[PDB]
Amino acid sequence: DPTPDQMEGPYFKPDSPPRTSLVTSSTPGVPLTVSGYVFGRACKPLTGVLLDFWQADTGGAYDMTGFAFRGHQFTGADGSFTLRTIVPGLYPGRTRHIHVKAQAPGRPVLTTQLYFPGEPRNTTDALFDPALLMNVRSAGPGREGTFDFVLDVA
């Protein structure tokens, strides 16, 4: 079933730098890598799909002046994507989430959000959707997330 679309929210910024790492070795926060595939119709892993991510910092704050915690990549030849970041903090009124825009070559933009398992605000945030839940395990110093996007596209 194709990845549901959700609100952009207040804090998107166009023209994000191309980067698969949103942090450095001095960024505050609990380490988090989100990786997975983008599939199209009929389980075809999709190549060259744009993935533009953005999230709050460890304290729950979005960077409107710069491009902190903003960065986009393109899925590899085998369909995989990889995002190195830290766990975002709770912005007031929202459950923990990371935003993403996904765009297959020449198709319209999918704007959506990824959620974390076992967040208490999942009971109360109306935007929370199980289809958008990442799988998260505790690898090493920080946490590893996985999610597959499914795009209605051949």
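The numbering used is simple: start at 1 and walk along the sequence shown.
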{"property": "Between 6-14 and 137-145 (mean CA B-factor, as deposited), the higher", "result": "137-145"}
{"property": "Highest-ranked of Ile86, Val100, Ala56, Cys43 once sorted by CA temperature factor in the record", "result": "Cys43"}
{"property": "Ranked C-alpha temperature factor of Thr111 among modelled chain residues, by third", "result": "lowest"}
{"property": "Third of the chain, ranked by Cα B-factor, where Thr123 sits", "result": "middle"}
{"property": "Ranked against its chain, the third holding the CA B-factor of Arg96", "result": "lowest"}
{"property": "Third assignment of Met64 from its chain's C-alpha B-factors", "result": "highest"}
{"property": "Position of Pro31 among the chain's modelled residues by C-alpha B-factor, lowest, middle or highest third", "result": "highest"}
